[PDB]
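Trainee: Here it is, the structure, as structure tokens.
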Amino acid sequence: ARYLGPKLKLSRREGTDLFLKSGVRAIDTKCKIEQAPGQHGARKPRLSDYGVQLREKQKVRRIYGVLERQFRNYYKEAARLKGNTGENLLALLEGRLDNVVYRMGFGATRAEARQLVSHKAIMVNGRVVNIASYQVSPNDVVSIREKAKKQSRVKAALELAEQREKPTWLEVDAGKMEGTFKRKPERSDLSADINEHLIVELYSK
Amino acid sequence: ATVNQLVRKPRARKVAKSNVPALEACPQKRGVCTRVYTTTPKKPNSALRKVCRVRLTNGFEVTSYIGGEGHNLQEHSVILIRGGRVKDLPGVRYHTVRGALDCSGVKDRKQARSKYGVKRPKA
Amino acid sequence: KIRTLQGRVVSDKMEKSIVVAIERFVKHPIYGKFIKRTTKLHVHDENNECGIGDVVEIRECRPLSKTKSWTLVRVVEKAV
Amino acid sequence: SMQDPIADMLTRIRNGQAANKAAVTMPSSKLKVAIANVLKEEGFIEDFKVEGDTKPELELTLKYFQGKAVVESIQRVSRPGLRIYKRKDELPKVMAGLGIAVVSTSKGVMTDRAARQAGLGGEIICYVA
Amino acid sequence: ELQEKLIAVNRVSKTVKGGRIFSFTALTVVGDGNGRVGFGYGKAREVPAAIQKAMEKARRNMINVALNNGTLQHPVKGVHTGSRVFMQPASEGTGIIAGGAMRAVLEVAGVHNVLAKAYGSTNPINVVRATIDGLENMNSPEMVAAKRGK
Amino acid sequence: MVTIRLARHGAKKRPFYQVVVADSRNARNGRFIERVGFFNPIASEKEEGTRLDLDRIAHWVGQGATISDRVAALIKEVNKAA
RNA sequence: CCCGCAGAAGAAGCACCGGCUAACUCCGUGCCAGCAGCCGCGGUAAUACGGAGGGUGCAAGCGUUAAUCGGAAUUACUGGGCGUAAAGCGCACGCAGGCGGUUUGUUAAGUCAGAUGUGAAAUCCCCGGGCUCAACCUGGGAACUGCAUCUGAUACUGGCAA
RNA sequence: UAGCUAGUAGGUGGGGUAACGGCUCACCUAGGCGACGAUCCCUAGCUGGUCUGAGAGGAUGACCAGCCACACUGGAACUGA
């Protein structure tokens, strides 16, 4: 029900940093990125069309830490909502509670944020939410409880929040350790390199 | 094709009957395996293929392939037939479920283990 | 008013009764062609004024025999 | 025998556009002049002219924009073998609105735009694309 | 800004005097990403010479398409030899959802989000030829209004 | 006898009762003449918990319908407004 | 449901890796053992068999089998064909049937527009609400493409008269 | 599977039912249904719906709800709204 394995291997099959070990240090430096996703990893794949579509879906799931039935349900919900299904799908992945806890700098990675969410260290709107996939509405206040406030992790995580780009659709404020999800993220406000038409076309075959 | 001709007599695609009269279209059936054979295949292949002939529980006497390397079937040995054609033998339409009623799992197997009735080796 | 139908006499020979064919003109559900379609009805008339080949209006009433739940109102267009 | 003179008219116009014909004559009727008036109004033909006294003859001066022909594809929809009567909601648009569909409504012979604006459906005669 | 991609390579044969002789055919489509689609066939004795002749023929023999915002305009049907092909503008009907060998020409064509369904034969050499014929005889609202006055 | 009565429709350990007008010898969640309101015994402490069409209820009691003890309790709860 | 305790401590499999189809090498076997949905692999260096290492896909599931629809425009109403691929009766006459040039008038049956009654509730869809979320439950609407009746319109089709 | 039907089709009168009605009986007429598929044969509970489908359709009708039928098998009535 979640991955639990070598993370930088997943980041190495995709060829791109999936932010799976954000943590203390800088850019990887001990990953052997691009070089060998397994034993025959030095081989160029010469990847197919199914391979590029598949590999795009796997990039997105392995970023946000979602498995397939849950992702597939996000595609059905993004499909039925009015508008653009790629952009709706990223809006559904960005409203996840573990993601919003990661974006605010409360967790160093999304797995650490998922353990903060999971171990009842996070309230939304003054109610404790235990669930990684809670869908944070706009104009909500998500914060850390009094237990697990001033624990080392979150402090260190806010320390590495300043190294990243400070997302526009949040009120990050780390003094009180509370945040406000203000609006839904625009497609132009996130990541610029994921090709969601490939995963629309992957599920539409 | 003219719409009058279809009002007089509509389109009708045929029924496309079943490859496997395991009757009622049940997932498995059980049978008694009246005998055990080895049978030579069709022309481009050559082997001796281990195949039983089975009196099912619904009356039908059908022949059935036995998967994997080596079996313990002999003539009474109540087995669970499955459904699935072996193209290389003329007229077998079924398989035996290994790891079922009187059909043991394949000895010393480690991969694709579930489809041969073999439990996980303790390690 | 009352709901009535119009049709033509298809046969005559019965003892104070008649039988009337009705022509409903209905679109085929699959093919979209408007097709003629009949409805033969055993219709009552007191004193059997209408003969074969007529055109007659007809209303529904209580049962008067087996099938027969229909009775004429106006014989029109008898022309032979 | 002739059993659909409208499809005959549209055949005359397809084969006149296809042969770079300047003008097209045919026997005339009220429905053909109604359709021809819709075609002139919507810009698919240049002009029409009904002559004769006892045997009227409709004449359509055709259009050619460039070397290409203006009437790209004219089709007969409600043929005599199978007539097609659409409501005001079922009333189709051809080439996503770039191409009219001549519907005979109770108010007269109109286009799809004009009869969907008038709020009434009818018998859809031909697609002009 | 050329955006080339190959669809199909095949091994054809000839059958001379002494045995057979095997040649390779490419089939590529180039296009800028805003109309301007071409395809080229090209055949040669090895595969990279075949693709190079195909690209070189496809860079010339390139056709204009009157796109909409990012997509087609009206539904269009193009036919070639045995290969009948439908397309539907799918006004932001997200993603290019076309068959094989039609996804490529629609991809480099610059269209983004149409609905397709090839019928008939679906030989790749004739399913393009039935997409360009198709995208070629698809005209814009400023062309139809040019033709018919307004 | 026609009865204005409750009919259990929510999930397990979470009932939602719909007050209907049924011929009394039908099943509970079976055939009814018309539904006329609802009653959620939880709902949350928000706004309603219960709405109930008093005009149609007065119509059916005018016809001769009987009322169970809960529906009488709900009409005694929502008296005219509160 | 809330709080406290102790400690990462009790908690990961299953299929697949020749092409289709994401994912590759070594060893054993040598037309055997066996695999296989189709194409087909195996007769000594097998990316197809059996094992190992590695990888891929799913995940408290995963595969196989049975069954349905899809793909299948391979029954084609939407939406196919018939010189040679299957397919034009050996040729005609003709009843029932289907279709029917052109003008005017009337009708208004088909057709169209509106109204009313009905089309049970649930289910599907939309906008909300409650279970920590979700599944689930639920409020209101839309929908139920229909039928019947009444009111109109009269271009087309039909009836009638010329 | 091309003919089926003699209470059969209709009429008059008597009886019967809560109620019309060949529902039943006597008499009279010789009809009625059928290629728009009667009769015979095989299968089947029906629907709201469910699954699939872009759709039109195709398959199906487990749970939930409406209707029908049955209560070991064949038949009959009694009590009773």
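Trainee: Criterion first (away from every other protein chain (no Cβ under 14 Å), among the β-branched types (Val, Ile, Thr), touching a strand residue (DSSP E or B) at 6+ places or on another chain (Cβ under 9 Å) and away from RNA strand H (no atom under 11 Å from the Cβ)) does C:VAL19 satisfy it?
Mentor: No, not satisfied.
Trainee: I'd like to know if the range C:65-75 contains one or more residues that are buried (at least 16 other Cβ atoms within 10 Å of the Cβ) and either among the charged types (D, E, K, R) or assigned to a helix (DSSP H, G or I) (or both).
Mentor: Yes, the conditions are met somewhere in the range C:65-75.
Trainee: Do you know which residues across the range B:34-82 are among the hydroxyl-bearing types (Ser, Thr, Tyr), in contact (Cβ under 8 Å) with a residue 40 or more places away in the chain and not in a strand (DSSP E or B)?
Mentor: Passing the criteria: B:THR34, B:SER77.
Trainee: Looking at (1) farther than 20 Å from B:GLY117 by Cα; (2) away from RNA strand H (no atom under 16 Å from the Cβ); (3) of a type in the set (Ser, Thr, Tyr), which is the one condition that is false for B:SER64?
Mentor: The number of the failed condition is (1).
Trainee: Look through D:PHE65, D:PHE48, D:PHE44 and report the one residue that is more than 28 Å from B:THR2 (Cα to Cα), within 11 Å of the chain's Cα centre (by Cα) and not hydroxyl-bearing (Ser, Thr, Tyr).
Mentor: None of the other options fit; the residue is D:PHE44.
Trainee: Residues C:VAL76, C:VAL26, C:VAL56, C:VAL19: which one is within 30 Å of B:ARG8 (Cβ to Cβ) and under 15 Å from the mean Cα position of the chain (by Cα)?
Mentor: Unique residue meeting the criteria: C:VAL19.
Trainee: If we scan the range F:8-16, do we find a residue that is surrounded by 15 or more Cβ atoms within 10 Å (Cβ to Cβ) and in contact with a helix residue (DSSP H, G or I) (Cβ under 7 Å, 6 or more places away or on another chain)?
Mentor: Checked against the condition, which is being surrounded by 15 or more Cβ atoms within 10 Å (Cβ to Cβ) and in contact with a helix residue (DSSP H, G or I) (Cβ under 7 Å, 6 or more places away or on another chain), the range F:8-16 yields no hits at all.
Trainee: Return the residue satisfying two criteria in turn: it lies in the range E:108-149 and is among the charged types (D, E, K, R), within 23 Å of E:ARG59 (Cβ to Cβ) and surrounded by fewer than 19 Cβ atoms within 10 Å (Cβ to Cβ), and of such residues it is farthest from the other protein chains (Cβ to nearest Cβ).
Mentor: For the range E:108-149, the residue satisfying everything is E:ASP133.
Trainee: Further question on the same structure: Kindly indicate whether any position in the range E:93-101 is within 14 Å of another protein chain (Cβ to nearest Cβ) and either part of a helix (DSSP H, G or I) or closer than 20 Å to D:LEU98 by Cβ (or both).
Mentor: Yes: one or more hits.
Trainee: Would you confirm whether or not the range D:81-91 contains a residue that is among the basic types (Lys, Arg), more than 13 Å from chain E (Cβ to nearest Cβ), more than 16 Å from the chain's Cα centre (by Cα) and within 16 Å of RNA strand H (Cβ to nearest atom)?
Mentor: Scanning the range D:81-91, I find at least one residue that is among the basic types (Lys, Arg), more than 13 Å from chain E (Cβ to nearest Cβ), more than 16 Å from the chain's Cα centre (by Cα) and within 16 Å of RNA strand H (Cβ to nearest atom), so the answer is yes.
Trainee: While we're on this one: Go through the range F:19-54 residue by residue and tally those that are of a type outside the set (A, V, I, L, M) and more than 16 Å from F:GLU77 (Cα to Cα).
Mentor: Residues that pass the stated criteria total 13.
Trainee: Answer yes or no: is there a residue in the range E:45-64 that is surrounded by 18 or more Cβ atoms within 10 Å (Cβ to Cβ), within 30 Å of A:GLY83 (Cα to Cα) and touching a residue at least 12 places away in the same chain (Cβ under 8 Å).
Mentor: no
Trainee: Go through the residues of the range D:24-42 one by one and say whether even a single one is among the aliphatic types (A, V, I, L, M) and within 14 Å of another protein chain (Cβ to nearest Cβ).
Mentor: Scanning the range D:24-42, I find at least one residue that is among the aliphatic types (A, V, I, L, M) and within 14 Å of another protein chain (Cβ to nearest Cβ), so the answer is yes.
Trainee: Could you say whether any residue in the range E:42-58 is assigned to a loop (DSSP other than H, G, I, E, B) and in contact with a helix residue (DSSP H, G or I) (Cβ under 8 Å, 6 or more places away or on another chain)?
Mentor: Yes - at least one qualifying residue is present in the range E:42-58.
Trainee: Restricting attention to the range C:28-59, report how many residues are exposed (fewer than 13 other Cβ atoms within 10 Å of the Cβ), among the charged types (D, E, K, R) and more than 9 Å from RNA strand H (Cβ to nearest atom).
Mentor: 1
Trainee: Read through the list (1) more than 9 Å from RNA strand G (Cβ to nearest atom); (2) touching a residue at least 60 places away in the same chain (Cβ under 8 Å), then give the number of the only condition that C:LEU41 fails.
Mentor: (2)
Trainee: Still on this structure, please answer the following. Give the residue that is surrounded by the most Cβ atoms within 10 Å (Cβ to Cβ), with candidates limited to residues of the range B:34-50 that are within 15 Å of the chain's Cα centre (by Cα) and near RNA strand G (Cβ under 10 Å from one of its atoms).
Mentor: Among those residues, the one meeting the criterion is B:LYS50.
Trainee: For the range A:73-101: of the residues being over 22 Å from A:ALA132 (Cβ atoms) and among the small types (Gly, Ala, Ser), which is nearest to the chain's Cα centre (by Cα)?
Mentor: Restricting to residues being over 22 Å from A:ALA132 (Cβ atoms) and among the small types (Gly, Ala, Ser), the top hit is A:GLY86.
Trainee: If you check E:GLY149, E:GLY110, E:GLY134, which single one turns out to be in a helix (DSSP H, G or I) and on the phi > 0 side of the Ramachandran plot?
Mentor: Being in a helix (DSSP H, G or I) and on the phi > 0 side of the Ramachandran plot holds for just one of E:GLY149, E:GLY110, E:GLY134, which is E:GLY134.
Every residue, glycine as well, gets a Cβ built from its backbone with ideal geometry; the counts of neighbours run over all protein chains shown. No value in this document is a laboratory result; all are computed from the given coordinates.
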